[PDB]
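Structure record follows, encoded as structure tokens.
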Ligand SMILES: c1ccc(-c2c[nH]c(CCc3cnc4ccccc4n3)n2)cc1
Ligand SMILES: c1ccc(-c2c[nH]c(CCc3cnc4ccccc4n3)n2)cc1
Ligand SMILES: [Mg+2]
Ligand SMILES: [Mg+2]
Ligand SMILES: [Zn+2]
Ligand SMILES: [Zn+2]
């Protein structure tokens, strides 16, 4: 789904205000109040991280505004979330400047913007339960497989392929960094992933020279960016949660309409148990994820710290404070 | 089994966030999100209850990390459990500070930390069905007697004796507070101990400077500490249960592998019956424990309150909610 000539040209003339050049470097930066700038913000981060000679200003602006277009008006898995995630990966890549190959940095920031392309606001579980055409196409990591698929289609549009100045092998390489990274955002896969990385980091056997070991780390970085609203400041964190549950509950409404009981997480009638559900989630998913990332990459510390601060706020909510 | 100097030297210089300080004092405090800070949480706890002048910093840090290194990689009875039991004691001691001697508070915090030392993840009943080495050596309270053997072995490790500077009277005295405390964590003994204290209280004959009554109160404090996952907020409690059964089921699987049927508690093909087992455990073991403890030590009331809360949560799980 292509962008207009008017859109990518409008993006070429954007310059970020100076009073946000500092803040964009903070892990806890909330893009919320700056909706008009989200695409320019991505260009900014892409230029800081990869430089202004990495992608042709024209081709890159096409890509971005097409990507924008191929995100839906779903309550959570929408354009805003793509740019929240891409950003976190920016902050992560910045604070680890000399560890990732040049091709990795390009691939990952792209992979992050594209990671939830054409999301319908329905879990993988849902699409398989009700024999959705997408579940027919891809049996496992259903939405994720589709997101990679969507990405490759946007690059194959006219003047959109931003990887034009690379060999066939370097282009083969990057479309695999992007593949693995998006497939990593399937949270079901995360659990296994983080478990092996734990084992490895302990026994001292974590080899960054190893390729399959690198994939696993990018894998956890992907999850870590995916969940990053658990690492914003409390009023930002509160608001994204409402977006998360609006989407969940909408899926459960669709399930009910068919005379089928959704799990309690997708039922509006159980609104009161959100604080507990969050605490449960922080404790079972978020903390481990960020605890391990901080181990592997010390500079990511502010992520865990912010997660711990949000954890306590939910605790306070549960306790009536 | 000794530890390495890398670990203990690090512990020495650790300092604790100002926000946690206010919250470690709470009964509901969950230590889960802070795995790195656990060894230093104990240090803080000792210093606040016993004084910064009470132990020589270096000998303590050595003790703690070697205790840590002697806890196994088992699902429940592991390092995290030790530090939680110890934190529950802390909060009980702090709320009843003058009722106990400095020697009792020293020993009880340390006895809580070392109480499951070297747990393999097999119950007393297993070892004594399957004639284990340890069961021929210790025939009653089998594992607990081993956990005390372990504590002393860590005190007898060179450079680890934190009680070196007590008088000779006090030294054999503190090791007896510790011996009794660990032994009392054998749940088999608890029901008798509980029934007795419950009797003495009702007929106004409970007397704190009667040493045998005193030892009985201490033992019950130990059980109340040992079970404290049931006093945490629901999602904390729920997550721990998983770890418990994850360990019970690993033991049933061993009996099955050997060809003998485990009790329903240790059989995973009977998960269905978990909420009803938790129901009865709360009604038969847990409530009675915190009920009687609150009668003897009224400032422990928040423990009964939280436990009743989770009893209500388990009653709701049964009822299909
Ligand atoms: C009632 C209400 C919520 C829950 C419940 C269970 N689990 C969760 C977590 C929801 C969730 C999922 N994914 C997230 C990603 C990023 C940030 C927050 C998230 N919260 N919520 C269960 C019953
Ligand atoms: C099937 C499943 C479980 C049970 C069953 C019986 N009794 C229990 C309680 C297990 C237990 C033991 N120790 C605990 C300590 C702290 C918190 C919870 C605990 N639960 N569970 C019986 C049949
Ligand atoms: Mg996704
Ligand atoms: Mg034990
Ligand atoms: Zn996402
Ligand atoms: Zn224990």
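Here Swiss-Prot sets the residue numbers for chain A, with the shown residues being 715-1035 in order.
We read in the header that X-ray crystallography, 2.3 Å was used to get this structure.
From the backbone N, Cα and C atoms, a Cβ is placed for every residue, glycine too.
A:940 is the only one of A:929, A:940, A:967, A:981 that Swiss-Prot places in the divalent metal cation 1 site (with A:795, A:829, A:830).
Candidate binding-site residues: A:829, A:830, A:940, A:992. Nearest to residue A:791 (active site, proton donor) by Cα distance: A:830. Within 8 Å of the Cβ centroid of the divalent metal cation 1 site, not counting the listed residues A:795, A:829, A:830, A:940, the chain contributes A:791, A:796, A:798, A:799, A:826, A:833, A:899, A:939.
Residue A:992 (3',5'-cyclic GMP binding site) and residue A:830 (divalent metal cation 1 binding site) are 22 Å apart (CA-CA, integer value). Only A:830, A:940 of the binding-site residues listed as A:830, A:940, A:992 bring a Cβ under 6 Å of any atom of ligand 5; the order follows the sequence. Among the recorded positions A:791, A:795, A:940, A:992, no residue has its Cβ under 6 Å from any atom of ligand 3.
When other Cβ atoms within 10 Å of the Cβ of residue A:791 (active site, proton donor) are tallied across all protein chains shown, the result is 23. If you take the Cα of residue A:829 (divalent metal cation 1 binding site) and the Cα of residue A:992 (3',5'-cyclic GMP binding site), they are about 23 angstrom apart, rounded to a whole number.
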